[PDB]
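Have a look at the structure below, then the notes.
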There are 2 protein chains.
Amino acid sequence: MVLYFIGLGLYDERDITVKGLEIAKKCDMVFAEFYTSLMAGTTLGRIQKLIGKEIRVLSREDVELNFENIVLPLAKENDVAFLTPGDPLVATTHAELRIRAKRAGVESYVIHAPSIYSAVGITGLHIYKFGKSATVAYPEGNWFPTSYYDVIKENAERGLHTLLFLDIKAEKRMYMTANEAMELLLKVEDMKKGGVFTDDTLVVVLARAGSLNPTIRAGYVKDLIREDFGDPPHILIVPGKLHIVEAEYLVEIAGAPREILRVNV
Amino acid sequence: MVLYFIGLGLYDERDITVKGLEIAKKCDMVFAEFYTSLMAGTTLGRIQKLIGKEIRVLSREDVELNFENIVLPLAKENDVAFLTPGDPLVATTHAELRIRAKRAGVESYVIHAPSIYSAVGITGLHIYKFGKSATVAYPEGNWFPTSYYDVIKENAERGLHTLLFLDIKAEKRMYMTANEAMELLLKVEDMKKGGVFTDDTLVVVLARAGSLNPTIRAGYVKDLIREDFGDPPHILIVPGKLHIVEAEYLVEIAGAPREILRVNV
Ligand SMILES: Nc1ncnc2c1ncn2[C@@H]1O[C@H](CSCC[C@H](N)C(=O)O)[C@@H](O)[C@H]1O
């Protein structure tokens with residue numbers, strides 16, 4: 001009689017919470033989407049094995065246009081689960097699906113899972129110091145998205161770090177790298193010339209958070225822009241003014257140049 | 001030779017991820033800290049029973065002053081687990097513990113878990129619009145801290161939401177309520193009179209996130225300040241201008257008054 005939004009986590013099938021697993025195991029039917037993010041350390045097969053259920057994967061069109069036609073109808077007579085990577089309601093539009101559920105007379109419940117949005121804490125940057133977040137979208141045709149640039153500018157002026165979700169085209173199997181995001185930002189810099197992102201700008205890259213050996217690197221764009229950070233997914237962070245302990249972590253754990261230890265107060 | 005930082009999640013013993021539980025089980029010794037926060041929906045007894053290991057609780061001083069004397073020594077000839085509520089490294093002091101592990105020649109790995117920082121997405125508010133975060137601390141003696149007030153101002157000034165962690169006396173198990181938090185904020189507004197928090201300010205309250213029955217309420221201070229939001233923990237959010245989709249969710253899912261569709265959008 002109910003619908004469950006259950007997050008699967010950051011990297012592999014085991015990043016689901018015990019709560020999430022126990023509930024999914026007792027659902028009559030399980031649905032899922034794998035276009036909002038990329039779980040690089042697992043396969044649908046492994047998720048199905050762990051949950052002991054067959055999972056019907058939905059596309060963005062299935063969800064965005066027919067969620068109330070494919071999923072909700074079954075709720076009235078079943079306990080249904082809808083699985084998604086990371087946390088189901090973070091940097092997605094899935095929250096709106098709950099409204100669709102309500103209007104359809106279906107109760108819904110949300111089971112959280114580790115999200116890239118808080119996992120950035122592994123970079124050593126104070127979570128509270130993060131300001132507005134943004135997404136670096138692939139330019140398409142004559143349309144070249146550039147709003148994320150201004151977001152970085154506003155946060156920096158306030159001494160806040162900027163979290164940059166990188167773009168994804170799940171059906172084309174394209175996952176934007178930190179390198180590609182940097183290239184786009186350098187280009188937007190030439191455009192606006194606001195001195196927001198250049199060769200000397202310090203950045204932090206977090207790749208495959210959730211795995212046991214994520215790639216955590218910090219340095220100047222000029223040096224990291226052509227560095228190999230491994231397989232996707234990637235996230236890119238542009239730090240604001242650094243606290244001393246933040247810098248120490250970047251140097252000790254993320255291999256940043258020792259010179260950032262010298263914070264300019 | 002290894003140390004694992006494992007998040008316990010949001011509310012109860014099932015909020016740990018399958019990865020964290022399976023790893024905690026293969027660990028020779030397991031420590032835990034409950035001073036950055038508490039797991040309001042469970043007990044040490046239940047967590048121990050789920051993991052099947054005796055758990056040694058460490059106080060703030062144990063960790064901040066003797067982490068390398070209590071935890072790291074065992075981490076040399078054993079696999080050690082250090083459990084924390086939420087997602088590891090979200091608490092600002094945790095990050096350096098990894099530097100200590102390095103200094104001691106001990107490998108460390110982080111096992112993520114749901115954090116309130118990402119769980120607020122269940123309020124229906126877009127995660128990207130959250131700005132800097134703050135903690136509302138209890139005034140004591142001749143000390144009246146109000147930086148959290150300024151944080152709201154700067155965020156809402158740029159149309160961003162403000163996540164407010166409420167004070168907590170971990171050791172004494174005392175939780176600051178949203179009600180008290182609103183009272184404090186009304187007192188500060190009467191102090192700085194910068195028009196940031198009044199009876200007409202729209203706020204959002206999230207209680208017991210992670211539970212299947214969290215309390216999600218939205219409304220104007222005058223109507224919520226004396227409302228009973230249930231048992232702790234409470235989280236207070238002061239939203240900035242709302243996207244129609246955010247407002248509709250607050251009305252449909254959190255019982256917000258229709259007035260917000262015209263006043264806060
Ligand atoms: N494990 C991971 N490591 C690095 N970046 C990740 C990641 N998981 C997601 N992302 C980043 O976030 C984007 C997906 S946005 C959706 C996020 C998801 N709900 C969550 O809670 O994590 C990706 O394109 C990528 O840039």
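Here's how to read the names in the structure tokens: chain A, B, ... by the order shown, residue numbers from 1 in each chain, ligand numbers from 1 in the order shown.
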
Around ligand 1, which protein and nucleic acid residues have at least one atom no more than 8 Å from it, if we count only C-alpha atoms and all ligand atoms? List them as a ChimeraX atom specification. /A:7,9-11,36-40,84-92,113-117,164-168,175-176,206-211,214,232-236 /B:118

Using only C-alpha atoms, determine which residues lie at most 7 Å from residue 242 in chain B, disregarding the query and same-chain residues fewer than 2 positions distant; provide the list as a ChimeraX atom specification. /B:240,244,246-247,264-265

Test item: chain B residues at most 6 Å from chain A, counting only C-alpha atoms, as number ranges by chain: B: 14-19, 89-90, 92, 95, 112-114, 121, 124, 128-133

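Across the model, the gap from CA of residue 32 in chain A to CA of residue 45 in chain A is 12.7 Å.
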
Surrounding residues of residue 30 in chain A excluding itself and chain neighbours under 2 positions, 12 Å, only C-alpha atoms, as a PyMOL selection string: chain A and resi 3-6+21+23-28+32-33+47-48+51-58+70-72+74-75+78-84

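Running DSSP on the backbone and keeping only strand (DSSP E), the residues of range 48-166 of chain B that qualify are residues 55, 56, 57, 58, 79, 80, 81, 82, 83, 84, 107, 108, 109, 110, 111, 134, 135, 136, 162, 163, 164, 165 and 166 of chain B.
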
Output file for the selection above: N, CA, C and O atoms, as a PDB file, in the first residue's frame:
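Result file is out33.pdb:
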```
ATOM      1  N   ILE B  55      31.622  -2.382  22.469  1.00  0.00           N
ATOM      2  CA  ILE B  55      32.028  -1.076  21.959  1.00  0.00           C
ATOM      3  C   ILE B  55      32.537  -0.153  23.055  1.00  0.00           C
ATOM      4  O   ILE B  55      31.839   0.105  24.029  1.00  0.00           O
ATOM      5  N   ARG B  56      33.755   0.347  22.901  1.00  0.00           N
ATOM      6  CA  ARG B  56      34.277   1.256  23.902  1.00  0.00           C
ATOM      7  C   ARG B  56      33.955   2.686  23.505  1.00  0.00           C
ATOM      8  O   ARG B  56      34.332   3.151  22.427  1.00  0.00           O
ATOM      9  N   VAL B  57      33.257   3.384  24.387  1.00  0.00           N
ATOM     10  CA  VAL B  57      32.890   4.756  24.126  1.00  0.00           C
ATOM     11  C   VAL B  57      34.001   5.699  24.554  1.00  0.00           C
ATOM     12  O   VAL B  57      34.574   5.559  25.632  1.00  0.00           O
ATOM     13  N   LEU B  58      34.307   6.660  23.689  1.00  0.00           N
ATOM     14  CA  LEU B  58      35.349   7.633  23.962  1.00  0.00           C
ATOM     15  C   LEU B  58      34.741   9.017  24.090  1.00  0.00           C
ATOM     16  O   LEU B  58      33.872   9.397  23.312  1.00  0.00           O
ATOM     17  N   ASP B  79      42.731  -4.510  13.180  1.00  0.00           N
ATOM     18  CA  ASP B  79      41.876  -3.692  12.335  1.00  0.00           C
ATOM     19  C   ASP B  79      40.954  -3.020  13.346  1.00  0.00           C
ATOM     20  O   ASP B  79      40.265  -3.700  14.112  1.00  0.00           O
ATOM     21  N   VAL B  80      40.954  -1.690  13.368  1.00  0.00           N
ATOM     22  CA  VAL B  80      40.134  -0.963  14.328  1.00  0.00           C
ATOM     23  C   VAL B  80      39.058  -0.111  13.685  1.00  0.00           C
ATOM     24  O   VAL B  80      39.278   0.525  12.658  1.00  0.00           O
ATOM     25  N   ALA B  81      37.887  -0.103  14.311  1.00  0.00           N
ATOM     26  CA  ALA B  81      36.756   0.672  13.827  1.00  0.00           C
ATOM     27  C   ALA B  81      36.431   1.809  14.787  1.00  0.00           C
ATOM     28  O   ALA B  81      36.358   1.613  16.000  1.00  0.00           O
ATOM     29  N   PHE B  82      36.247   3.003  14.237  1.00  0.00           N
ATOM     30  CA  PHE B  82      35.902   4.174  15.037  1.00  0.00           C
ATOM     31  C   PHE B  82      34.548   4.652  14.534  1.00  0.00           C
ATOM     32  O   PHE B  82      34.452   5.251  13.464  1.00  0.00           O
ATOM     33  N   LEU B  83      33.505   4.365  15.308  1.00  0.00           N
ATOM     34  CA  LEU B  83      32.139   4.741  14.947  1.00  0.00           C
ATOM     35  C   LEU B  83      31.756   6.145  15.394  1.00  0.00           C
ATOM     36  O   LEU B  83      32.045   6.546  16.526  1.00  0.00           O
ATOM     37  N   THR B  84      31.095   6.879  14.501  1.00  0.00           N
ATOM     38  CA  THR B  84      30.628   8.233  14.800  1.00  0.00           C
ATOM     39  C   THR B  84      29.216   8.382  14.246  1.00  0.00           C
ATOM     40  O   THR B  84      28.839   7.703  13.297  1.00  0.00           O
ATOM     41  N   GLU B 107      47.124   3.275   8.355  1.00  0.00           N
ATOM     42  CA  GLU B 107      46.262   3.534   7.213  1.00  0.00           C
ATOM     43  C   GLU B 107      44.867   3.785   7.750  1.00  0.00           C
ATOM     44  O   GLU B 107      44.459   3.172   8.733  1.00  0.00           O
ATOM     45  N   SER B 108      44.136   4.690   7.113  1.00  0.00           N
ATOM     46  CA  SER B 108      42.780   4.972   7.545  1.00  0.00           C
ATOM     47  C   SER B 108      41.864   5.012   6.334  1.00  0.00           C
ATOM     48  O   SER B 108      42.258   5.444   5.252  1.00  0.00           O
ATOM     49  N   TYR B 109      40.643   4.529   6.523  1.00  0.00           N
ATOM     50  CA  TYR B 109      39.656   4.508   5.458  1.00  0.00           C
ATOM     51  C   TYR B 109      38.352   5.018   6.024  1.00  0.00           C
ATOM     52  O   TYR B 109      38.045   4.793   7.198  1.00  0.00           O
ATOM     53  N   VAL B 110      37.591   5.712   5.189  1.00  0.00           N
ATOM     54  CA  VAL B 110      36.328   6.280   5.616  1.00  0.00           C
ATOM     55  C   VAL B 110      35.143   5.562   4.999  1.00  0.00           C
ATOM     56  O   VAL B 110      35.081   5.387   3.782  1.00  0.00           O
ATOM     57  N   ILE B 111      34.208   5.144   5.848  1.00  0.00           N
ATOM     58  CA  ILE B 111      32.994   4.475   5.390  1.00  0.00           C
ATOM     59  C   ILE B 111      31.850   5.444   5.688  1.00  0.00           C
ATOM     60  O   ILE B 111      31.483   5.665   6.849  1.00  0.00           O
ATOM     61  N   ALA B 134      25.082  27.071  10.098  1.00  0.00           N
ATOM     62  CA  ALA B 134      25.408  27.599  11.421  1.00  0.00           C
ATOM     63  C   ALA B 134      24.804  26.732  12.529  1.00  0.00           C
ATOM     64  O   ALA B 134      23.941  25.893  12.305  1.00  0.00           O
ATOM     65  N   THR B 135      25.349  26.931  13.744  1.00  0.00           N
ATOM     66  CA  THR B 135      24.826  26.232  14.914  1.00  0.00           C
ATOM     67  C   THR B 135      24.301  27.246  15.925  1.00  0.00           C
ATOM     68  O   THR B 135      24.992  28.187  16.300  1.00  0.00           O
ATOM     69  N   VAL B 136      23.021  27.067  16.309  1.00  0.00           N
ATOM     70  CA  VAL B 136      22.447  27.960  17.308  1.00  0.00           C
ATOM     71  C   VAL B 136      22.851  27.516  18.709  1.00  0.00           C
ATOM     72  O   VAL B 136      22.403  26.495  19.211  1.00  0.00           O
ATOM     73  N   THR B 162      19.102  28.464   4.918  1.00  0.00           N
ATOM     74  CA  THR B 162      20.070  28.307   6.002  1.00  0.00           C
ATOM     75  C   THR B 162      19.730  27.113   6.892  1.00  0.00           C
ATOM     76  O   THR B 162      18.679  27.050   7.512  1.00  0.00           O
ATOM     77  N   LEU B 163      20.650  26.155   6.918  1.00  0.00           N
ATOM     78  CA  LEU B 163      20.505  24.966   7.749  1.00  0.00           C
ATOM     79  C   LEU B 163      21.068  25.329   9.119  1.00  0.00           C
ATOM     80  O   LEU B 163      22.218  25.753   9.237  1.00  0.00           O
ATOM     81  N   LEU B 164      20.253  25.171  10.151  1.00  0.00           N
ATOM     82  CA  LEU B 164      20.695  25.498  11.494  1.00  0.00           C
ATOM     83  C   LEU B 164      20.727  24.289  12.421  1.00  0.00           C
ATOM     84  O   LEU B 164      19.686  23.722  12.769  1.00  0.00           O
ATOM     85  N   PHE B 165      21.934  23.884  12.800  1.00  0.00           N
ATOM     86  CA  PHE B 165      22.108  22.777  13.730  1.00  0.00           C
ATOM     87  C   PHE B 165      21.732  23.366  15.079  1.00  0.00           C
ATOM     88  O   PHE B 165      22.051  24.520  15.365  1.00  0.00           O
ATOM     89  N   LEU B 166      21.042  22.594  15.906  1.00  0.00           N
ATOM     90  CA  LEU B 166      20.657  23.099  17.212  1.00  0.00           C
ATOM     91  C   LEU B 166      21.626  22.605  18.279  1.00  0.00           C
ATOM     92  O   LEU B 166      22.177  21.507  18.176  1.00  0.00           O
TER      93      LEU B 166
END
```
